[PDB]
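Okay, structure first, notes after.
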Amino acid sequence: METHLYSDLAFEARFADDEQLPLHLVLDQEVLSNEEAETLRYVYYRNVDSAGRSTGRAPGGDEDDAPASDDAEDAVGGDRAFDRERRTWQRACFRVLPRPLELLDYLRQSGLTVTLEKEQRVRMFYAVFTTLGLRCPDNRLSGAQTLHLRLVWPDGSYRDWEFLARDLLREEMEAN
Amino acid sequence: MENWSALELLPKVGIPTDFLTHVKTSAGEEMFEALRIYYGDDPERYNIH
Amino acid sequence: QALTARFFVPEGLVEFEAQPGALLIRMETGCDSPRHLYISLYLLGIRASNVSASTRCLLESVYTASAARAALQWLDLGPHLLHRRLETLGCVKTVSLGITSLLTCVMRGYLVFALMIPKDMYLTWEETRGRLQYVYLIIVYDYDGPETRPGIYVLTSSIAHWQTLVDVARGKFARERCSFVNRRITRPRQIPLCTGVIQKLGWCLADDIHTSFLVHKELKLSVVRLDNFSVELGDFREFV
Amino acid sequence: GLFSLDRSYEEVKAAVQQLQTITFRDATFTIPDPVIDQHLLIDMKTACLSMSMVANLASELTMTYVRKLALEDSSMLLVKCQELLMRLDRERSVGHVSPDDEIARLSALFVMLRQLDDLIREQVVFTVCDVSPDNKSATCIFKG
Amino acid sequence: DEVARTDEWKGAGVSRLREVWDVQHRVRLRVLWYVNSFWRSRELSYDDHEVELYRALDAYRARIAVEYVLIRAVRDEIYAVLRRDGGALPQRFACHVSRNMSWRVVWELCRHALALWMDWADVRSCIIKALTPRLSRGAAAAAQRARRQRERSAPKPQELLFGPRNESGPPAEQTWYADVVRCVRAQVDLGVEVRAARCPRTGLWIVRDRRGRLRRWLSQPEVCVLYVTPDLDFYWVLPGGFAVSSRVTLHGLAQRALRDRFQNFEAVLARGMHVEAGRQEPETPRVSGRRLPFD
Amino acid sequence: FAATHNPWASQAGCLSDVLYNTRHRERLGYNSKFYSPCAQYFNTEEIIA
Amino acid sequence: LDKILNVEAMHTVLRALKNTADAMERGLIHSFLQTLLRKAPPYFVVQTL
Amino acid sequence: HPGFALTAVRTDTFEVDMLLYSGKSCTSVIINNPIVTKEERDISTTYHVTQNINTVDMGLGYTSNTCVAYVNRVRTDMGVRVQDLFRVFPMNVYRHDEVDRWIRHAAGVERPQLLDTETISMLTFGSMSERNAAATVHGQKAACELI
Amino acid sequence: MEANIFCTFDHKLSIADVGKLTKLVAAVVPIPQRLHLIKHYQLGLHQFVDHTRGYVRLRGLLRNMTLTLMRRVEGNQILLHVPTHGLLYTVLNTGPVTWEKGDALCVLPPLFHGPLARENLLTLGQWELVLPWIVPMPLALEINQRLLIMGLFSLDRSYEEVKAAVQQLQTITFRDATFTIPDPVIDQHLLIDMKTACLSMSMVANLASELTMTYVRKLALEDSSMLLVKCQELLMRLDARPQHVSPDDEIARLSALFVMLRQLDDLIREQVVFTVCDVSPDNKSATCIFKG
Amino acid sequence: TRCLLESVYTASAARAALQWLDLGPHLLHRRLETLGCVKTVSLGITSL
C-alpha cells in the first residue's frame, strides 16, 4: 500500500521538472504465476509518442533510425545504442503481497476508506502493487499514447505488454 | 623454524666478541641466515614438551 | 567490593519504596529549595503510559503525600523531555523510616541483593533464555497523541554490542520512530530530541529470574525480580 | 562561533551578549568569546565550517538517496521522511551528477562529520557520591 | 496545527476501480485512482484525435513486425540460394548415406517441413535467440578482439622463444540455437539449444546436447532441422546431412525497432547481489508467502 | 635534481632502454654471446631484483 | 627437569640484576657527561677569556 | 633578469667527534642508593629502578673546555634546491580561482586533490607537507630560503 | 564471573602444532558462548567465515562476540583468559598493520593483503584457526565508512559504472600499507543501516538552523583560503542581517542537530576494545588497557 | 596436464627444443632415440 503513496509524492516532486503524471496499478493471477510473483525483482515502464518514439531519445530523430548494417564488427551500434536503450527504460517502486487477499477488505483494514461505485468483491490469490507514469509534453495529454510495462526476474527472463492510454483513462479523465 | 628454546635452556660457552658494525644494525640489516629477536622477556623458554 | 552510597529522602516518597530491594533515580528541579529530589522506578509508573489502568490506580492510591505530589508536578512540568532531568543512582538495600528516612545505595557491586521491577514495565525481545543476559533501562517517547506522555520499560537481552541492540530496538519500535517524524512535521515550531534513550545497568544469570507479588499497606502488586544481580551504571545514550 | 561573521548588527550584539553568560545552581559565569580582534581563530573556523558543510551536503544528498533507497521495499519511515523533505523544498524555493563528483560528495560529508566526533561526545570520566562543606574536596569513582 | 499529506491521504481514500486489457488482449490488470492525488489538482486536458490513433496502431504493427519480417527474410534467402545453386546441396553434417533410397520422398518431406515450419513461426524461434547475445555490449568488443586476433601474422621464432606463451585461440566447442520440425506428426520445436563441433576426420559438423550425448535426429527421415550460428550464419538441414548455406540478411529492419523489441537486459544492483562484477550470487531474496515473513 | 640529462636514453620506452635492456632485447634478434658493455646499466629487471 | 627449570629461572633473575646494575652505572656516567657538556663553553671563547 | 636580485641562506649539518677537557674534582655528584618500585601486569611484571643524582658546580669561572675536533662527513648535500613556500604556507590562496590554478600549475606545484582527514589535519594543524623523495645519494636536502 | 575459559582439542597435538600454538601465547581470539568449557571448533572465525555471503554479516557476527586473551598450553589443553574492564594486559599484533603510541584499537574481520599468501595456523584436518584483526582507530573507521559508502553508491547502478568506483573505493592505504575489503556484497543489514543513515541525514537537513545553512556562503564571500576554495569547488555544482535571531531556539535546534549527528556517527564508529601504552619497537607486541 | 607442463617448463632452453621438434618435415620417429633412466642431480647453469 505504502508504495502508491510514496510514488505519488515522488512524482509530485519530479513533475515540475519532467512532467510525468502517476498511474497506480494492481496485478493478480491473470497476470503472472505465483512462483514468478514471489521472486519479482524489477519493474520497468516506458512511454511512446503517437507517431512512435521514446522518452529518452531526441524527439526529432536519431542515428538509430538507420537500417541495421549486419556487419561483423558493430552489429547495431553496440555501446552507444545499448546505453540509449537502457536510458529510455525507467524504474518504479513495487511491493508484493504473497498471501491471498481481497482488495476492499485489505484497503479497509488499512487507512483507506474505499467507497466504490459498487462493492464488487475481487479475490486475488497473490497481489503486487506498482505505480507507473505516463508523460504529457505539456498539460495536453493524448489518448493515442502507448505505455509499456516490463517485469524482470533474476535469471534475466522478462515479459512485457503494451497499453493504450485511451483504455486506461477511458472514463476517469472524461469526467474532468 | 629452529628450536630456539634449546639454545636458551642449554649451557653455553662464554666467548667475548664484537661485530664490525653495531649488533642491532647487523640483525636489522639481514646479515645473518636466520634470526629470533624479542624485547623484554618471552616466557616460551619455560614451556617444554 | 561493593561501592556503598548514602542518601536522604523525605518520608512521603518512601512508603512503597521501603521494600529493601528497589531502584532509585535522581531528578533535577527548577525550584530553588528542592534542588534535587529522589524518585524510585515505581513512582515513574504512575505516569508511564505502559502501566495498565489497575496498577496506575494502585500507584495513585499509594503516593498521595504532598511532597510526592509536588515531585510529580515537577516531573510533568518538563516539556517533552525527561532524560535531561533524570539521572540513575543504582540499586538499594537498606532503609530506616522516620520523618526523614535514611537509605543506602550501591553503584558498583554484587553483594538478599535482588533487584525488583514492576510486572507492567518488563519486556523481552526474545523468548529463548540465553544463559548470560544483560538488562537495560529504556525510555520511549510517544508522539501520535496531542502531547507526549512517555513510555517506560526495563528489558533483558543477550545482546551486548550497542549497535546491534539499537538495530533490534529500531526494528521493534518502528511505530514510535514514525510517530517522532510525524511530530516533527505536524508541529514545526516544536523540536523533539529523540525517540528513545538506552541506559545500561546489568549483569546477572538468567536462571535466577523470578516472578513474585509484593504487598504494602495491604495493597497487592505484581512484580518481576532479578535475584543474583550485579549493578554497573552507564551513560544515558540516545538513539533514533 | 556561528554568530562570529554577523557581529556588526545590534541584534546580533545583544544576542551574543546574552549568550556569553551561564547560570547553574547558584553560580553565574561569563564564557569568553571564541572571537578575538574581530576575527575568528582557524580551529573554531574549521569546526564551524565543517558542521555547516555537513548540514549543507546532507540537504542536497538526502533527496537523491531517499529516492534511490525507496526503490527497494518502501516503508512508512521513508514516505514520511520524503514528505518532510518536500515541505522543506516547498518553503525554501520561494526565491544528474558525475559519479566521481558524487563519490567525492559522500566522502566529504562523512569526513566533515568525522572530525566533529572530537567535540560532540561529552565523555564522562567521574561520578561522585560524597559532599562536605569542604566542597573543594570530593570522593569519586573513576570512569571513561 | 496541521496534518501531514499521509493522514489526509489515507482519510480521503480511493473511489473508482477499472479493469484494462493490453493491446493484444493477453493480460488484464486493474488500476486504482486516489481522490487526493495531485493529478486531480493539475487540471490537464485530454484528446484522442483519430489520425494520431491511426498512426499509433500503424507504428504498433511496425513494432510487432520486427520478427515475422525477419522470418520472411530467412525464407527469401533460403529460396534465393536454392535457385542460385540450382538444386545442388553439398553434405555438411556427419552422417552416412544410402544410395538405393527413394530420394524423391525425402525431398517431398523437405518441402512439407519447409511449409510446416513457416506456419509455426514465432518470436520463440531460433534466430531471435541468435540475435539475443549479438545486441549486448560485450558482443561488439568480442567481435573486435576476434577479428584482430584471427587476422594475425604467424609469430616469429623470437616471440615463440621468449616472453608470453602461445596466445589462446578459439575453442572448437561452439554454441548454436536451433529449430527442428517433424513431419510424421505435424508438430514443431522452436526454442532448442545445442552444442556443435567440427569432426576431426572430415570437416563436417557434429551436433550434441549440452549434456554431451550425441544427437540422433539427423538420421530420421521425417525430420528437417534448422541451425543458426552466434555470428548470424545460417544452415538448413534435411535427412542425410545435406545442407543449405546463407547469411541472415537482417538489414531489412531499422536499428531502433530491433533494439526496442528485444535485448539481453543488463542488471543493476539490488539486495543480496554482489558489488564485485561476476561473483556468485547468494541465495535468492524471494520475499515469500509460504513462510512467515521475516522482520 | 633535473628530470634527466638524456631524454633518448633514460625513459622506460626510449631508445637506450629498448635497445640495451637484455629482457627487452629478447623481443628482437639477439645473439646472447656478445657482452654489450652497457647491459649492466639497463637491466632494469635485474637492478630491481 | 624441574630443577633444571628452577636453575634457569634463578639465572634469569641473576642476569637481569647484573645487566640492570651495568645499565645504572652506564646511565650515571652518561648523565654526568651530559651535565659536563652543558656547562663547557666552546674553545674560542675560553681561549679569548 | 627579473629586476631584483636574491641572496639565499642555507643550513648544513655535520657529524663530528668532540673532545673536552676538565679539571680534577671540578664538579661533584651526589648519588643515592637506587630505589625500586614494582608494577604487575597479567603475564609479566616490570620493576623500575631510579637513582636521582644531582650535580654541583665546584668551580668559579669555567672549569671545562670543549673543542669540536674532526669532520666525519657532511649529511646535507649543500645543494641549492629551493624551499617551497606552498609547503610552508599551504593555507594561502590567490583571490581569483583561475589565476591561482594557473600559478600553481606553472610553478610546478600540485594542489591537494580530495578532502580527507589527513589533508584537513595538514591544513589546520600542520604535518609532513611532502613525502620522502624516491631516492637520495646526495644526503639530506639543503633547505634554501631566499630574501 | 567466569574469569577463565578452558578449551580442549579433540585431535592429536603433534609437536610442531603445539610449538606453533606456544608462539601464539597472549594473542587475541574471540569466543561466542562465554561458557566455562568449550570445544576446539568455536575457537576462531573458521566456523562462521563464508566468502559467498556478506562481509557485513561477518562484521556483525564479529562485533557481537566476546574477546579473550591467550595463555600457555599443555597436552590437549589450551587456556583462554577473559579480560576484566579497566585492567592492564599484554597483546600481540595478529595482523601486519603498524601500531603507534597513544591511539585506540578496534576489532574487525580479516582483510586481503598484498601477497594474498596468508599463513595458515593450526590446520587440524578440515578445520583451521583464523584470528580477527586488531586495528587502530583511523584505519578501522575508514574501512567501515568506505564500506557504507560502497553500499550507498553502488545501489541502482549498472555493473559498468560501478566497476571503476569499486576499484577506487576497495583499496585502502594506511600508514604506508595497503588493504582490500574481501567481499562487500549488499546485505539486509546494510539496508537497515542505510535506512537509518537516510533518516538521520534528512532530519539534520531539516532541523538545521538558518545560520548553519548560510554560514559557508557568507564566509566564502568574506574570506578566501585553500580549505574554503576546496569546499566551494565541491559545492560549485550546487552554487545580509538575519531577520530572526533567537539564542534559546538556536540552542534547542543545535541540541537536536547534535543528537542527529551523534546518531549518524554511531553507524561508523566501532566500539573500542583496547587503549595502548607504548609499543615494542618490533611492532609485534604491545601493552594495553581493555575496555568493554 | 599439458597446461601445467607448459607453465612449469617455460625456461628459455626448453622452448628451443620444442621448436626443433616440429620445425622439420620428418616425424618424431626418425628424430628421437632413448637413453634409459636418469638417477642424480648436480644443479648449475649447466647440470650433470
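The chains carry the letters A, B, C, D, E, F, G, H, I and J, assigned in the order they are written, with residues numbered from 1 in each.
The rule is simple: contacts are C-beta pairs under 8 Å (C-beta built on N, C-alpha and C of every residue); 3 or more make two chains touch, one makes a residue touch a chain.
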Where subunit A and subunit J overlap in contact partners, by chain label: E
Neighbouring chains common to subunit E and subunit I, by label: C, D
Chain whose averaged C-alpha position falls nearest the assembly-wide average: I
Chain of greatest Cα-centre distance to subunit J: C
Subunit H and subunit I, separation of their C-alpha mean positions in angstrom: 35
Rounded Å distance, subunit C centre to subunit J centre (Cα mean): 85
Between subunit F and subunit D, distance of the C-alpha-averaged centres to the nearest whole Å: 60
Distance between the centres, which are taken as Cα means, of subunit J and subunit G, whole angstrom: 67
Subunit G residues counted as touching two or more neighbouring chains: none
Per-residue multi-chain contacts in subunit E, two or more chains: 4-6, 137, 161-162, 266-268, 270-271, 287
Subunit C residues counted as touching two or more neighbouring chains: 171, 177, 181-182, 184-185
In the complex, subunit B residues that touch subunit I: 1, 37, 39-40, 43-44, 47, 49
Subunit C residues touching subunit E - in the complex, by the definition given at the top: 171, 182, 185-187
List of subunit D residues in touch with subunit E within their complex: 72-73, 76, 79-80, 83, 86
Complex contacts: residues of subunit I adjacent to subunit H: 25-26, 69, 71, 81, 87-90, 138, 224-227, 229-230, 234, 287
Contact set on subunit G toward subunit H in their complex: 20, 24, 27-28, 31-32, 35-37, 39-43, 46, 49
